[PDB]
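Single-structure report; data block below.
Number of protein chains: 2
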Amino acid sequence: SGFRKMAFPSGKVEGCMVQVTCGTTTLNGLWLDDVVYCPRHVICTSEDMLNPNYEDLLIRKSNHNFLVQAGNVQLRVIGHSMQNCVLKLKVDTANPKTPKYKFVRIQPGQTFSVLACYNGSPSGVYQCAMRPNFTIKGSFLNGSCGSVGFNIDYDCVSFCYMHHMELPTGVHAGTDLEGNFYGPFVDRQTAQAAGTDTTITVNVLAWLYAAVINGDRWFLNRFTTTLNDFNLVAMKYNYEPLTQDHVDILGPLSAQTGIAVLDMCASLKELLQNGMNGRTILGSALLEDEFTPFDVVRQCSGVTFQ
Amino acid sequence: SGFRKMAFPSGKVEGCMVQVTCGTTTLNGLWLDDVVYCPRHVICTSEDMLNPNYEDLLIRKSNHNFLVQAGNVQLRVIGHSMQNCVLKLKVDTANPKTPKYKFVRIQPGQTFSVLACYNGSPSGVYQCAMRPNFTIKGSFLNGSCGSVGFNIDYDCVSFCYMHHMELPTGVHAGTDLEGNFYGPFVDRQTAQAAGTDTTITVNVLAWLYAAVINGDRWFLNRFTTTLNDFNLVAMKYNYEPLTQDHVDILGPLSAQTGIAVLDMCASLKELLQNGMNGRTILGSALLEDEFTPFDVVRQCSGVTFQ
Ligand SMILES: Nc1c2c(nc3c1CCC3)CCCC2
Ligand SMILES: Nc1c2c(nc3c1CCC3)CCCC2
Ligand SMILES: [Cl-]
Ligand SMILES: [Cl-]
Numbered sequence: 002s003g004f005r006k007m008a009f010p011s012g013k014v015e016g017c018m019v020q021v022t023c024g025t026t027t028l029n030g031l032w033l034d035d036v037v038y039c040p041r042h043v044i045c046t047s048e049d050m051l052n053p054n055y056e057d058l059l060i061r062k063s064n065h066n067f068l069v070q071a072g073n074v075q076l077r078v079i080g081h082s083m084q085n086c087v088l089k090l091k092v093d094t095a096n097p098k099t100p101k102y103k104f105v106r107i108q109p110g111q112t113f114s115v116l117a118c119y120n121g122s123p124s125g126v127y128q129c130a131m132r133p134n135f136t137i138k139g140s141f142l143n144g145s146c147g148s149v150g151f152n153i154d155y156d157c158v159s160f161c162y163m164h165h166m167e168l169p170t171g172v173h174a175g176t177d178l179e180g181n182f183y184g185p186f187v188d189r190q191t192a193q194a195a196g197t198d199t200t201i202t203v204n205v206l207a208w209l210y211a212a213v214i215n216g217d218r219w220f221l222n223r224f225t226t227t228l229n230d231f232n233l234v235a236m237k238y239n240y241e242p243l244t245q246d247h248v249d250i251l252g253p254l255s256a257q258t259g260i261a262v263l264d265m266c267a268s269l270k271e272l273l274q275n276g277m278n279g280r281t282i283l284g285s286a287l288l289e290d291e292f293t294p295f296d297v298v299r300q301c302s303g304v305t306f307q
Numbered sequence: 002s003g004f005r006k007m008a009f010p011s012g013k014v015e016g017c018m019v020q021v022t023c024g025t026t027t028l029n030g031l032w033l034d035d036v037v038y039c040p041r042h043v044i045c046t047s048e049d050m051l052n053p054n055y056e057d058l059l060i061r062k063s064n065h066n067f068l069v070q071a072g073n074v075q076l077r078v079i080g081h082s083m084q085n086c087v088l089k090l091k092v093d094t095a096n097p098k099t100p101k102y103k104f105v106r107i108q109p110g111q112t113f114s115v116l117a118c119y120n121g122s123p124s125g126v127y128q129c130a131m132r133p134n135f136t137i138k139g140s141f142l143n144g145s146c147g148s149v150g151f152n153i154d155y156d157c158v159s160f161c162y163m164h165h166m167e168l169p170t171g172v173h174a175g176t177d178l179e180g181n182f183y184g185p186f187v188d189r190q191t192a193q194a195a196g197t198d199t200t201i202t203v204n205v206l207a208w209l210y211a212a213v214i215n216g217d218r219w220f221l222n223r224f225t226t227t228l229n230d231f232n233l234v235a236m237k238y239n240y241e242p243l244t245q246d247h248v249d250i251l252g253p254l255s256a257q258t259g260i261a262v263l264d265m266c267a268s269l270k271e272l273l274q275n276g277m278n279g280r281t282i283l284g285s286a287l288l289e290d291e292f293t294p295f296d297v298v299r300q301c302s303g304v305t306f307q
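Here the protein sequences come in this chain order: A and B. Take 2 as the starting number for the first sequence in the numbering used here and just add one per residue. Take 2 as the starting number for the second sequence in the numbering used here and just add one per residue.
Right under this line is the structure:
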């Protein structure tokens, strides 16, 4: 028992982290096979970042201007190209530690682990979600760009995020490993503001199932609701609309606990309307929304990875 | 910016995890050099656990009864001995992935990372603290025993915890790597209950410094206090007494922010007396106590590890 915000084991990704320097800018790269992936803004100065013309800036760069170091050992760059907002640096040596992997573009509401790095070196690991406004709420300092987000299925690392930008409000924006930003964000230092940070309703319900499984049950009540009634309340509290697809995804947790999904929605409705009254659920005083239903099942059944 | 509950990169420890089976019991072991460390209750049946005589139970075990598997490959056990509440299984092959390491016995209030494992395989990683009642609040299911807790300093893993027991209240008890339990707990299935879970006051203050550094500042007020006055309030709220040693440890965060430690105590005092009034700090609705002052500095300055 117990239920904790848990990241994937980071070792397979640690093995892929390198340092990339272009001019006076150093950040991180991801070394898979004979390709190192990194944010294209490695080519920019700070001045450049207000209005960068990436194609033009790249003309002045040759393979030997990209300094790629794996631990203490330099890699030889034999080619480079820009794909969307990432650079792909071809190197002459395949990473011997390349795991099985995929590139995935995740949907808002999905969770993933981030291996925060500086100068190619791992600092720590934590769990994140892709917010409904396509930001993430991370922990990133200058030099952390190129840190990546990932999920693991047994032995296969699915990379889904690469860190590029901090907005003025202190939330974070980045790309998938094809170099496409999540949401409307761009790699320029400009006025771009995040929209409404809505709560991931299906994730809160999953976490309330997690609480029940772990003995925290004070919030179960005598009521039920419907999708349409519940969603009048979700709207008022900036919660995502609950859909029948969400209901179906919560089926296994419903079966395990014997609590109908709509009954748990009625618990959630009362918690939204009444507050926690100074009580806690799984050691939180607010409703946690960065556990997916798959996360809950995984943690509550003990799934492992090679 | 941003501030997250962050674990150490788990790779160096992943490399040390093995599976240990004795009879019909399987749990995890830690393979360092030519020794595999595991909870001595691997020798017990469930029946045994109400009143085990470990010395007597061990007489019936030989080296070949301890099945140790590292991934897909079996290790040969050439000796075994009991030290306190752990077994040390000597194997014929030094772990080729042994990191630089130490065994440390931590003090209450110190934090560490746990690599949760089942059948020798990593499941996930999360951050914990040694509570003032010598429990930890973990995420552990049947089969997770032998999972370990650790800190990393550059390239050296300091192992501090090995998981042994769940209490009936759903909190967790374990040993250092010399096999001595933290607190009063024993490896028997009995009536043993945790004491008061007091809040780690120095850690809350560190986290309030973290909040300020990250722009969350609504709780700074016009007041100050003294240690003795503050501690009348800590006592009322089951907070650890603040000491001059605690004040000294918070010195660097005080210097960085320009907020005197006692002024921040006066902020904390008002938060304890008044509540959060429905507000949040670093995305929490309660006062977080599982970040040390060293953790805050580390995360706020971007320290890394080889
Ligand atoms: N209504 C309160 C009050 C206090 N503290 C808290 C709540 C809600 C949960 C924390 C302390 C002062 C009186 C009212
Ligand atoms: N006093 C309240 C009330 C509500 N919800 C909350 C608090 C504290 C923070 C959450 C909703 C109902 C009225 C009072
Ligand atoms: Cl997980
Ligand atoms: Cl840390």
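Positions of the beta carbon are idealized from the N, C-alpha and C atoms, including for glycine.
Out of curiosity, what's the CA-to-CA distance linking residue i and residue j?
| i | j | result |
| --- | --- | --- |
| B/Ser124 | A/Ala130 | 19 Å |
| A/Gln307 | B/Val19 | 12 Å |
| A/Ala256 | A/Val203 | 16 Å |
| B/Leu68 | B/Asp35 | 15 Å |
| B/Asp198 | B/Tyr238 | 11 Å |
| A/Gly180 | A/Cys17 | 18 Å |
| B/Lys103 | B/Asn96 | 15 Å |
| B/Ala207 | B/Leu243 | 13 Å |
| B/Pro53 | B/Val172 | 22 Å |
| B/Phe151 | A/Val105 | 32 Å |
| B/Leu88 | B/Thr226 | 50 Å |
| A/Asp246 | B/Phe224 | 52 Å |
| A/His165 | A/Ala174 | 6 Å |
| A/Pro100 | A/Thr305 | 16 Å |
| B/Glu291 | B/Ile153 | 17 Å |
| residue 313 of chain B | A/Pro253 | In the structure as shown, chain B starts at 2 and stops at 307, and residue 313 of chain B therefore has no counterpart that could be examined. |
| B/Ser140 | A/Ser2 | 6 Å |
| B/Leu28 | B/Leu51 | 19 Å |
| B/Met7 | A/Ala117 | 9 Å |
| B/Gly279 | A/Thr281 | 13 Å |
Answer yes or no: the CB of residue i versus the heavy atoms of ligand 1, is any distance below 7 Å?
| i | result |
| --- | --- |
| B/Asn275 | yes |
Cβ-heavy atom distance between residue i and ligand 4 below 7 Å?
| i | result |
| --- | --- |
| B/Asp296 | yes |
When every heavy atom of ligand 2 is checked, does at least one fall within less than 7 Å of the C-beta of residue i?
| i | result |
| --- | --- |
| A/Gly150 | no |
| B/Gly279 | yes |
With a 10 Å radius around its C-beta and 16 neighbouring C-beta atoms as the bar for buried, classify residue i as buried or exposed.
| i | result |
| --- | --- |
| B/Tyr119 | buried |
| A/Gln108 | exposed |
| B/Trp219 | exposed |
| A/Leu233 | exposed |
| A/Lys13 | buried |
| A/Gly216 | exposed |
| A/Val74 | exposed |
| B/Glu289 | buried |
| B/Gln274 | exposed |
| B/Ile214 | buried |
| A/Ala194 | exposed |
Under 7 Å: does the beta carbon of residue i sit that close to some heavy atom of ligand 3?
| i | result |
| --- | --- |
| B/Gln108 | no |
| A/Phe4 | no |
| A/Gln111 | no |
| A/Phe9 | yes |
| B/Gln128 | no |
| B/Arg41 | no |
| A/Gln300 | yes |
Residues of the region 279-290 of chain B in Cβ contact with chain A at a cutoff of 8 Å, in chain order, please.
Within the region 279-290 of chain B, the residues whose Cβ lies closer than 8 Å to some Cβ of chain A are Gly279, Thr281, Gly284, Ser285, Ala286 and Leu287, listed in chain order.
Under 5 Å, CB to any heavy atom of ligand 4. Which residues pass, going along the chain?
Result: A/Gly125 and B/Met7.
Along the region 10-21 of chain A, where does the CB come closer than 9 Å to a CB of chain B? Name the residues.
For chain B, the residues of the region 10-21 of chain A that bring a beta carbon within less than 9 Å of one of its beta carbons are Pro10, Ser11, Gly12, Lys13, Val14, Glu15 and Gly16, in chain order.
Could you run through the region 105-134 of chain B and flag, in chain order, every residue whose CB is less than 9 Å away from some CB of chain A?
The residues in question are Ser114, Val115, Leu116, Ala117, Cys118, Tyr119, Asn120, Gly121, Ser122, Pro123, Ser124, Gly125, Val126, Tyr127, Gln128 and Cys129.
Would you list, in chain order, the members of the region 86-100 of chain A that have their beta-carbon closer than 9 Å to a beta-carbon of chain B?
Answer in chain order: no residues at all.
Please name the residues in the region 59-80 of chain A whose beta-carbon is closer than 8 Å to at least one beta-carbon of chain B, in chain order.
The region 59-80 of chain A vs chain B, Cβ under 8 Å: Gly72.
By the 7 Å beta-carbon criterion, what residues does the region 166-187 of chain A contribute toward chain B?
Residues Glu167, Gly171 and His173.
Could you list the residues in the region 221-241 of chain B with a C-beta less than 7 Å from some C-beta on chain A, going in chain order?
Within the region 221-241 of chain B, no residue has its Cβ closer than 7 Å to any Cβ of chain A.
Residues in the region 203-221 of chain B with C-beta within 7 Å of chain A's C-beta atoms, listed in sequence order?
Of all residues in the region 203-221 of chain B, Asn215 and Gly216 have a Cβ within less than 7 Å of some Cβ in chain A.
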